[PDB]
$ cat structure.cif   # mmCIF, C-alpha atoms and all ligand atoms
data_work
loop_
_atom_site.label_atom_id
_atom_site.label_comp_id
_atom_site.auth_asym_id
_atom_site.auth_seq_id
_atom_site.Cartn_x
_atom_site.Cartn_y
_atom_site.Cartn_z
CA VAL Y 70 104.62 60.32 52.20
CA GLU Y 71 107.10 62.99 53.25
CA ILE Y 72 106.78 64.51 56.69
CA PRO Y 73 106.70 68.33 56.51
CA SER Y 74 108.69 70.37 59.07
CA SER Y 75 105.39 71.88 60.27
CA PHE Y 76 101.78 70.77 60.09
CA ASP Y 77 98.51 72.17 61.45
CA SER Y 78 95.22 70.25 61.17
CA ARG Y 79 93.32 73.56 61.09
CA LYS Y 80 95.13 74.54 57.87
CA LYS Y 81 94.59 71.17 56.18
CA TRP Y 82 90.85 70.98 57.00
CA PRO Y 83 89.57 74.58 57.59
CA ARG Y 84 85.99 73.51 56.76
CA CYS Y 85 86.04 71.56 60.10
CA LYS Y 86 85.31 74.21 62.66
CA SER Y 87 85.72 71.80 65.57
CA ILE Y 88 89.45 71.58 65.01
CA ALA Y 89 89.77 75.28 65.99
CA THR Y 90 87.38 74.94 68.92
CA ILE Y 91 88.73 75.28 72.45
CA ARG Y 92 86.52 73.64 75.09
CA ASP Y 93 86.38 73.97 78.91
CA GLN Y 94 86.22 70.95 81.30
CA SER Y 95 85.19 73.25 84.16
CA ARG Y 96 85.63 72.00 87.77
CA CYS Y 97 85.78 68.31 86.74
CA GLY Y 98 88.76 66.01 85.86
CA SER Y 99 87.09 65.13 82.57
CA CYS Y 100 90.13 65.82 80.41
CA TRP Y 101 90.18 62.19 79.31
CA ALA Y 102 86.64 62.57 77.88
CA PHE Y 103 87.29 66.08 76.38
CA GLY Y 104 90.38 65.10 74.38
CA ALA Y 105 88.41 62.08 73.13
CA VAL Y 106 85.17 63.86 72.03
CA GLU Y 107 87.15 66.76 70.57
CA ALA Y 108 89.33 64.52 68.39
CA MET Y 109 86.32 62.37 67.51
CA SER Y 110 84.41 65.51 66.41
CA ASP Y 111 87.38 66.57 64.29
CA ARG Y 112 87.83 63.12 62.75
CA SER Y 113 84.14 62.67 62.04
CA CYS Y 114 84.18 65.95 60.04
CA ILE Y 115 87.50 65.08 58.31
CA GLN Y 116 86.79 61.43 57.48
CA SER Y 117 83.15 61.92 56.43
CA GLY Y 118 83.95 64.80 54.10
CA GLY Y 119 81.59 67.01 56.15
CA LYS Y 120 78.53 64.72 56.13
CA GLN Y 121 79.04 64.45 59.93
CA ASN Y 122 79.89 67.98 61.22
CA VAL Y 123 78.96 67.75 64.85
CA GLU Y 124 80.17 68.74 68.31
CA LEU Y 125 80.08 65.49 70.31
CA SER Y 126 78.88 65.52 73.93
CA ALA Y 127 81.58 65.35 76.61
CA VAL Y 128 78.91 64.66 79.26
CA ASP Y 129 77.46 61.59 77.45
CA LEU Y 130 80.90 59.92 77.42
CA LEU Y 131 81.90 61.20 80.93
CA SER Y 132 78.63 60.09 82.59
CA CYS Y 133 77.79 56.86 80.73
CA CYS Y 134 81.03 54.99 80.02
CA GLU Y 135 81.32 52.37 82.76
CA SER Y 136 84.75 51.07 81.79
CA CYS Y 137 86.36 54.54 81.49
CA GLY Y 138 87.46 55.19 85.12
CA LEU Y 139 86.28 57.58 87.79
CA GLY Y 140 84.39 60.27 85.85
CA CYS Y 141 85.31 63.69 87.18
CA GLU Y 142 88.04 61.96 89.24
CA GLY Y 143 89.98 60.79 86.18
CA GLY Y 144 89.70 58.46 83.22
CA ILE Y 145 91.20 56.02 80.78
CA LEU Y 146 91.86 56.88 77.11
CA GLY Y 147 91.56 53.47 75.41
CA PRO Y 148 88.13 52.63 76.81
CA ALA Y 149 86.89 56.09 75.88
CA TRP Y 150 87.60 55.42 72.22
CA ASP Y 151 86.17 51.91 72.47
CA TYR Y 152 82.95 53.37 73.93
CA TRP Y 153 82.68 55.61 70.84
CA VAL Y 154 83.00 52.55 68.61
CA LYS Y 155 80.66 50.26 70.59
CA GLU Y 156 78.04 52.60 72.10
CA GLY Y 157 78.55 55.89 70.25
CA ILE Y 158 78.30 59.42 71.62
CA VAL Y 159 75.49 61.98 71.08
CA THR Y 160 75.90 65.67 70.25
CA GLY Y 161 76.20 68.45 72.81
CA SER Y 162 77.78 71.86 73.12
CA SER Y 163 79.12 73.89 76.03
CA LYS Y 164 76.79 74.91 78.84
CA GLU Y 165 76.82 78.47 77.46
CA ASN Y 166 75.73 77.43 73.97
CA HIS Y 167 73.05 75.05 75.27
CA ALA Y 168 72.99 73.13 71.97
CA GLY Y 169 72.72 69.56 70.82
CA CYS Y 170 71.37 66.54 72.62
CA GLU Y 171 73.40 66.74 75.85
CA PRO Y 172 75.19 70.05 76.42
CA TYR Y 173 77.80 70.20 79.14
CA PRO Y 174 76.39 70.94 82.58
CA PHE Y 175 79.28 72.88 84.07
CA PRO Y 176 80.32 76.54 83.46
CA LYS Y 177 83.55 77.99 82.12
CA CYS Y 178 86.16 78.86 84.75
CA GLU Y 179 89.84 79.90 84.86
CA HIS Y 180 92.33 77.02 85.37
CA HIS Y 181 95.14 78.57 87.41
CA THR Y 182 95.29 81.61 85.12
CA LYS Y 183 93.98 85.16 84.64
CA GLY Y 184 90.78 85.99 82.84
CA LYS Y 185 87.19 87.04 82.69
CA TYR Y 186 85.70 83.79 84.05
CA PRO Y 187 85.52 82.88 87.75
CA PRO Y 188 88.48 80.94 89.06
CA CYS Y 189 87.89 77.15 88.95
CA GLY Y 190 89.30 76.91 92.51
CA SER Y 191 89.73 73.67 94.39
CA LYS Y 192 86.31 71.97 94.28
CA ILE Y 193 85.53 69.15 91.84
CA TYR Y 194 81.87 68.53 90.83
CA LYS Y 195 80.34 65.11 91.29
CA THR Y 196 80.28 63.09 88.08
CA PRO Y 197 76.95 63.77 86.33
CA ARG Y 198 74.45 60.89 86.23
CA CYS Y 199 74.12 58.94 82.98
CA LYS Y 200 70.76 60.27 81.75
CA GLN Y 201 70.43 59.08 78.13
CA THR Y 202 67.82 61.67 77.33
CA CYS Y 203 68.26 64.79 75.22
CA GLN Y 204 67.51 68.27 76.48
CA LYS Y 205 63.84 69.25 76.01
CA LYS Y 206 64.24 71.55 72.99
CA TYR Y 207 66.43 69.03 71.10
CA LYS Y 208 64.01 66.95 69.13
CA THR Y 209 66.14 64.16 67.61
CA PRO Y 210 65.85 60.95 69.72
CA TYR Y 211 68.91 60.24 71.90
CA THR Y 212 69.34 56.83 70.22
CA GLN Y 213 69.25 58.40 66.75
CA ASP Y 214 71.72 61.12 67.76
CA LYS Y 215 74.52 58.64 68.54
CA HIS Y 216 77.68 58.95 66.44
CA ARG Y 217 79.89 55.85 66.38
CA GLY Y 218 83.48 55.13 65.36
CA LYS Y 219 84.40 52.02 63.39
CA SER Y 220 87.77 51.38 64.99
CA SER Y 221 90.05 52.56 67.76
CA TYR Y 222 93.69 52.05 68.54
CA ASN Y 223 96.80 53.13 70.28
CA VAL Y 224 99.36 54.99 68.17
CA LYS Y 225 102.94 53.79 68.35
CA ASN Y 226 105.36 55.69 70.70
CA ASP Y 227 107.28 57.12 67.81
CA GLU Y 228 107.39 60.75 66.68
CA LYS Y 229 107.14 59.94 62.95
CA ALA Y 230 104.23 57.52 63.47
CA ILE Y 231 102.32 60.19 65.42
CA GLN Y 232 103.04 62.80 62.74
CA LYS Y 233 101.84 60.51 59.97
CA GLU Y 234 98.75 59.58 61.89
CA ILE Y 235 97.71 63.20 62.41
CA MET Y 236 98.36 64.24 58.84
CA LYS Y 237 96.42 61.36 57.37
CA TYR Y 238 93.47 60.90 59.73
CA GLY Y 239 93.41 64.00 61.96
CA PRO Y 240 93.97 65.12 65.54
CA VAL Y 241 94.81 62.49 68.17
CA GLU Y 242 94.23 62.31 71.90
CA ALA Y 243 97.33 62.05 74.14
CA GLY Y 244 98.13 61.71 77.82
CA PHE Y 245 101.06 63.40 79.58
CA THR Y 246 102.45 63.86 83.07
CA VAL Y 247 101.54 67.06 84.92
CA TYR Y 248 104.28 68.53 87.01
CA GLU Y 249 103.71 71.63 89.12
CA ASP Y 250 105.32 74.03 86.66
CA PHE Y 251 102.73 73.17 83.96
CA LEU Y 252 100.09 74.98 85.99
CA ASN Y 253 102.05 78.24 85.58
CA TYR Y 254 102.31 77.97 81.77
CA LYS Y 255 101.46 81.19 79.97
CA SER Y 256 103.36 80.85 76.63
CA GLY Y 257 106.20 79.24 74.79
CA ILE Y 258 107.42 75.68 74.29
CA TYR Y 259 106.70 73.84 77.53
CA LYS Y 260 109.03 71.39 79.17
CA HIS Y 261 109.34 70.20 82.75
CA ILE Y 262 111.93 72.30 84.64
CA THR Y 263 110.61 72.45 88.19
CA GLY Y 264 108.02 70.95 90.46
CA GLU Y 265 106.87 67.60 91.67
CA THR Y 266 104.54 65.11 89.92
CA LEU Y 267 100.84 66.02 90.29
CA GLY Y 268 99.00 63.63 87.97
CA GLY Y 269 98.16 63.25 84.31
CA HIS Y 270 96.31 65.28 81.72
CA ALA Y 271 94.70 64.25 78.41
CA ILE Y 272 94.63 66.67 75.48
CA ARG Y 273 94.37 66.85 71.70
CA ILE Y 274 97.46 67.07 69.47
CA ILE Y 275 96.59 68.96 66.29
CA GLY Y 276 99.99 69.51 64.65
CA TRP Y 277 103.61 70.40 65.06
CA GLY Y 278 106.23 72.97 64.28
CA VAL Y 279 109.62 74.51 65.02
CA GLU Y 280 110.64 77.77 66.67
CA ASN Y 281 114.25 78.79 66.20
CA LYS Y 282 114.98 75.11 65.36
CA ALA Y 283 113.32 73.87 68.65
CA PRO Y 284 110.73 71.16 67.70
CA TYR Y 285 107.25 71.14 69.32
CA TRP Y 286 103.80 69.62 69.24
CA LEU Y 287 100.81 72.00 68.92
CA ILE Y 288 98.15 71.01 71.43
CA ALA Y 289 94.64 72.15 72.16
CA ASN Y 290 93.97 72.30 75.89
CA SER Y 291 90.47 72.08 77.37
CA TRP Y 292 90.78 74.99 79.84
CA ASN Y 293 89.10 77.65 77.66
CA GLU Y 294 90.61 80.28 75.34
CA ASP Y 295 92.02 82.41 78.19
CA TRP Y 296 94.56 79.72 79.15
CA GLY Y 297 97.99 79.55 77.50
CA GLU Y 298 98.32 80.57 73.86
CA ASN Y 299 94.65 81.33 73.05
CA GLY Y 300 93.72 77.95 74.60
CA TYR Y 301 96.60 76.02 73.03
CA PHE Y 302 100.07 75.10 74.25
CA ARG Y 303 103.28 73.89 72.66
CA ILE Y 304 105.48 71.19 74.19
CA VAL Y 305 108.85 69.71 73.27
CA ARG Y 306 108.53 67.14 70.46
CA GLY Y 307 110.65 64.03 69.98
CA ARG Y 308 112.06 63.50 73.48
CA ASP Y 309 108.93 61.89 75.04
CA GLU Y 310 108.67 65.02 77.18
CA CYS Y 311 106.32 64.33 80.13
CA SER Y 312 105.55 61.07 78.32
CA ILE Y 313 103.71 63.02 75.57
CA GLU Y 314 104.49 60.39 72.91
CA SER Y 315 103.57 57.42 75.19
CA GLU Y 316 99.77 57.46 75.52
CA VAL Y 317 98.54 58.54 72.04
CA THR Y 318 95.08 57.13 71.18
CA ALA Y 319 92.77 57.58 68.20
CA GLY Y 320 90.30 55.89 65.88
CA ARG Y 321 88.40 56.15 62.60
CA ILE Y 322 84.79 56.36 61.48
CA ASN Y 323 85.39 54.24 58.38
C1 LIG Y 401 92.20 65.57 83.61
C2 LIG Y 401 93.43 66.49 83.89
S1 LIG Y 401 92.94 68.08 84.52
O1 LIG Y 401 91.73 67.93 85.29
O2 LIG Y 401 92.64 69.07 83.45
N1 LIG Y 401 94.09 68.43 85.69
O3 LIG Y 401 95.38 68.49 85.18
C3 LIG Y 401 96.24 67.51 85.90
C4 LIG Y 401 96.29 67.44 87.41
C5 LIG Y 401 96.52 68.57 88.24
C6 LIG Y 401 96.59 68.41 89.62
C7 LIG Y 401 96.42 67.16 90.21
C8 LIG Y 401 96.21 66.04 89.41
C9 LIG Y 401 96.17 66.18 88.01
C10 LIG Y 401 92.13 64.38 84.62
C11 LIG Y 401 92.27 64.78 86.10
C12 LIG Y 401 91.81 63.63 87.03
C13 LIG Y 401 91.93 64.06 88.50
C14 LIG Y 401 93.20 63.94 89.13
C15 LIG Y 401 93.30 64.35 90.47
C16 LIG Y 401 92.19 64.84 91.15
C17 LIG Y 401 90.91 64.94 90.55
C18 LIG Y 401 90.83 64.55 89.20
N2 LIG Y 401 93.09 63.36 84.30
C19 LIG Y 401 92.79 62.10 83.82
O4 LIG Y 401 91.61 61.77 83.56
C20 LIG Y 401 93.98 61.18 83.53
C21 LIG Y 401 94.23 61.03 82.01
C22 LIG Y 401 95.50 60.32 81.71
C23 LIG Y 401 95.59 58.93 81.54
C24 LIG Y 401 96.82 58.32 81.33
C25 LIG Y 401 98.04 59.06 81.22
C26 LIG Y 401 97.94 60.44 81.36
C27 LIG Y 401 96.70 61.06 81.59
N3 LIG Y 401 93.67 59.84 84.06
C28 LIG Y 401 93.51 59.74 85.44
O5 LIG Y 401 93.73 60.68 86.20
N4 LIG Y 401 93.02 58.49 85.87
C29 LIG Y 401 93.28 57.30 85.11
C30 LIG Y 401 92.27 56.22 85.47
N5 LIG Y 401 92.18 56.03 86.98
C31 LIG Y 401 91.22 54.92 87.27
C32 LIG Y 401 91.81 57.28 87.64
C33 LIG Y 401 92.85 58.36 87.33
#

$ encode --input "structure.cif" --output "structure tokens" --more "lines below"
Ligand SMILES: *[C@H](CS(=O)(=O)NOCc1ccccc1)[C@H](CCc1ccccc1)NC(=O)[C@H](Cc1ccccc1)NC(=O)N1CCN(C)CC1
Amino acid sequence: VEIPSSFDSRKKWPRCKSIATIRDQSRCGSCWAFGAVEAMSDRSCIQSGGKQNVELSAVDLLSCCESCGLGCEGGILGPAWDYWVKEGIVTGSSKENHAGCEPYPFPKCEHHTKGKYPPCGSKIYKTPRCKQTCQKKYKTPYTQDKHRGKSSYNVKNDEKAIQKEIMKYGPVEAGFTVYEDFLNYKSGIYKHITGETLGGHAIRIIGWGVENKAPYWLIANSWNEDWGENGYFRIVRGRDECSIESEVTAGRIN
């Protein structure tokens, strides 16, 4: 199939509201779990033809996966997708929406940026306990509410492979290196110019494009809609910028 110069998963599958959803990790290094459950929500809607249109629970994955790392202190992308395949993940919304089996326990906050929510600040919440019980008003049994993948995999470190993967099966999760200057992103096509290495971040790549011939990936962040470009950012595409093409992970429901 031919690779178009631009592609946006929202435009290909507008019936799948999750693709346009911007989540908030709050004061927790749960990015690894957010990029996973977000892409899994998108893919479940895409690949099921809408029979599974759910918002999967970040807290179920964050709190219960034992092979996924350190919870709010950082996690591992491959095992997150394997957990979805082997154990499954229940439904759950933001704290503010208080919907689904296991809604997120932590409130929206601003991630080194201006807006109406309280600043996230420096403190990191303790990883929630693995409870495996739905909220009181949610009447579907926890075990019955589990949504499972069929397979998971790493995507090849190759721009065209990543493009084809997205177009065919939907958004992917990806890891990239956070340098200091990323925390001051407001708009544009990000690349590392200044600042030392801080750590890594895990996000959802939903498409790609070009601006004045400069290629980029279109990424949904998990720092709420006030951050960046309405919750999204763009980053240089095709030069493994901040290792953005090096840790791409996804999976399928069928
Ligand atoms: C999610 C990133 S974030 O919380 O939104 N913060 O943005 C990056 C940042 C900024 C300042 C300092 C450090 C990082 C989390 C943050 C985890 C964390 C780091 C430092 C202090 C508290 C919490 N990042 C991860 O979960 C990353 C994901 C990733 C994997 C591979 C390649 C790129 C990204 N993974 C980790 O941080 N892990 C991996 C597993 N080990 C066992 C723990 C650390």

$ residues_near_ligand --input "structure.cif" --ligand "ligand LIG 401 (chain Y)" --cutoff "6 Å" --atoms "only C-alpha atoms and all ligand atoms" --output "MDAnalysis selection string"
chainID Y and resid 98:101 138:139 141:145 244:247 267:271

$ write_last_selection --input "structure.cif" --atoms "C-alpha atoms" --output "PDB file, in the frame of the given file"
ATOM      1  CA  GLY Y  98      88.760  66.010  85.860  1.00  0.00           C
ATOM      2  CA  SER Y  99      87.090  65.130  82.570  1.00  0.00           C
ATOM      3  CA  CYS Y 100      90.130  65.820  80.410  1.00  0.00           C
ATOM      4  CA  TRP Y 101      90.180  62.190  79.310  1.00  0.00           C
ATOM      5  CA  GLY Y 138      87.460  55.190  85.120  1.00  0.00           C
ATOM      6  CA  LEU Y 139      86.280  57.580  87.790  1.00  0.00           C
ATOM      7  CA  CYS Y 141      85.310  63.690  87.180  1.00  0.00           C
ATOM      8  CA  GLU Y 142      88.040  61.960  89.240  1.00  0.00           C
ATOM      9  CA  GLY Y 143      89.980  60.790  86.180  1.00  0.00           C
ATOM     10  CA  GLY Y 144      89.700  58.460  83.220  1.00  0.00           C
ATOM     11  CA  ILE Y 145      91.200  56.020  80.780  1.00  0.00           C
ATOM     12  CA  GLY Y 244      98.130  61.710  77.820  1.00  0.00           C
ATOM     13  CA  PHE Y 245     101.060  63.400  79.580  1.00  0.00           C
ATOM     14  CA  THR Y 246     102.450  63.860  83.070  1.00  0.00           C
ATOM     15  CA  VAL Y 247     101.540  67.060  84.920  1.00  0.00           C
ATOM     16  CA  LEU Y 267     100.840  66.020  90.290  1.00  0.00           C
ATOM     17  CA  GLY Y 268      99.000  63.630  87.970  1.00  0.00           C
ATOM     18  CA  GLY Y 269      98.160  63.250  84.310  1.00  0.00           C
ATOM     19  CA  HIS Y 270      96.310  65.280  81.720  1.00  0.00           C
ATOM     20  CA  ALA Y 271      94.700  64.250  78.410  1.00  0.00           C
TER      21      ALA Y 271
END

$ residues_around --input "structure.cif" --residues "residue 120 in chain Y" --least-positions-apart "5" --cutoff "12 Å" --atoms "all atoms listed in the file" --output "list in words"
residues 84, 85, 110, 112, 113, 114, 115, 216 and 322 of chain Y

$ closest_residue --input "structure.cif" --among "Y:147, Y:118, Y:190, Y:140" --to "residue 222 in chain Y" --atoms "only C-alpha atoms"
Y:147

$ residues_around --input "structure.cif" --residues "residue 248 in chain Y" --least-positions-apart "3" --cutoff "9 Å" --atoms "only C-alpha atoms" --output "PyMOL selection string"
chain Y and resi 251-252+261-269+311

$ residues_around --input "structure.cif" --residues "residue 204 in chain Y" --least-positions-apart "2" --cutoff "7 Å" --atoms "only C-alpha atoms" --output "list in words"
residues 170, 171, 202, 206 and 207 of chain Y

$ residues_around --input "structure.cif" --residues "residue 276 in chain Y" --least-positions-apart "2" --cutoff "6 Å" --atoms "only C-alpha atoms" --output "mmCIF file with C-alpha atoms, in the frame of the given file"
data_model
loop_
_atom_site.group_PDB
_atom_site.id
_atom_site.type_symbol
_atom_site.label_atom_id
_atom_site.label_comp_id
_atom_site.auth_asym_id
_atom_site.auth_seq_id
_atom_site.Cartn_x
_atom_site.Cartn_y
_atom_site.Cartn_z
ATOM 1 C CA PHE Y 76 101.780 70.770 60.090
ATOM 2 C CA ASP Y 77 98.510 72.170 61.450
ATOM 3 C CA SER Y 78 95.220 70.250 61.170
ATOM 4 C CA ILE Y 274 97.460 67.070 69.470
ATOM 5 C CA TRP Y 286 103.800 69.620 69.240
ATOM 6 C CA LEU Y 287 100.810 72.000 68.920
#

$ axis_aligned_box --input "structure.cif" --around "range 288-302 of chain Y" --padding-each-side "8 Å" --output "lines of an AutoDock Vina configuration file"
center_x = 94.6
center_y = 76.7
center_z = 75.6
size_x = 27.0
size_y = 27.4
size_z = 24.4

$ atom_distance --input "structure.cif" --atom1 "CA of residue 282 in chain Y" --atom2 "CA of residue 254 in chain Y"
20.9 Å

$ atom_distance --input "structure.cif" --atom1 "CA of residue 186 in chain Y" --atom2 "CA of residue 293 in chain Y"
9.5 Å

$ atom_distance --input "structure.cif" --atom1 "CA of residue 81 in chain Y" --atom2 "CA of residue 236 in chain Y"
8.3 Å

$ closest_residue --input "structure.cif" --among "Y:214, Y:310, Y:179, Y:298" --to "residue 156 in chain Y" --atoms "only C-alpha atoms"
Y:214

$ decode --input "structure.cif" --residues "range 214-232 of chain Y" --atoms "N, CA and C atoms" --output "compact mmCIF listing (two decimals), in the first residue's frame"
# COMPACT_ATOMS: atom_id res chain seq x y z
N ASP Y 214 -15.51 -7.72 33.05
CA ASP Y 214 -15.20 -6.43 32.45
C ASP Y 214 -13.82 -6.38 31.79
N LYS Y 215 -13.05 -7.47 31.91
CA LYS Y 215 -11.72 -7.53 31.34
C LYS Y 215 -11.77 -7.56 29.82
N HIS Y 216 -10.96 -6.70 29.19
CA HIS Y 216 -10.75 -6.72 27.74
C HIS Y 216 -9.31 -7.15 27.47
N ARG Y 217 -9.18 -8.19 26.65
CA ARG Y 217 -7.89 -8.79 26.33
C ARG Y 217 -7.47 -8.62 24.87
N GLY Y 218 -6.17 -8.40 24.64
CA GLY Y 218 -5.59 -8.48 23.32
C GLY Y 218 -5.33 -9.95 22.95
N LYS Y 219 -5.09 -10.18 21.68
CA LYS Y 219 -4.69 -11.49 21.19
C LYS Y 219 -3.20 -11.61 21.00
N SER Y 220 -2.54 -10.52 20.60
CA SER Y 220 -1.13 -10.52 20.39
C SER Y 220 -0.52 -9.18 20.71
N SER Y 221 0.78 -9.20 21.00
CA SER Y 221 1.54 -7.97 21.19
C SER Y 221 2.94 -8.12 20.64
N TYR Y 222 3.56 -7.00 20.33
CA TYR Y 222 4.79 -6.99 19.57
C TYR Y 222 5.47 -5.66 19.59
N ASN Y 223 6.77 -5.70 19.37
CA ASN Y 223 7.52 -4.51 19.05
C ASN Y 223 7.48 -4.23 17.55
N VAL Y 224 7.34 -2.96 17.20
CA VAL Y 224 7.38 -2.50 15.82
C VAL Y 224 8.82 -2.18 15.45
N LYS Y 225 9.20 -2.55 14.24
CA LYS Y 225 10.55 -2.33 13.77
C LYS Y 225 10.97 -0.83 13.83
N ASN Y 226 12.24 -0.54 14.17
CA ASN Y 226 12.77 0.81 14.15
C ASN Y 226 12.98 1.26 12.73
N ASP Y 227 11.89 1.64 12.09
CA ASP Y 227 11.93 2.02 10.70
C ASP Y 227 10.70 2.85 10.45
N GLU Y 228 10.94 4.06 9.95
CA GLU Y 228 9.85 5.05 9.76
C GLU Y 228 8.70 4.47 8.96
N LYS Y 229 9.00 3.81 7.83
CA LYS Y 229 7.94 3.27 6.96
C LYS Y 229 7.18 2.13 7.60
N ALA Y 230 7.87 1.30 8.40
CA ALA Y 230 7.17 0.22 9.14
C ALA Y 230 6.18 0.79 10.18
N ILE Y 231 6.58 1.87 10.84
CA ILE Y 231 5.76 2.50 11.87
C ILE Y 231 4.58 3.13 11.19
N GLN Y 232 4.81 3.84 10.09
CA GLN Y 232 3.68 4.41 9.32
C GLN Y 232 2.67 3.36 8.90
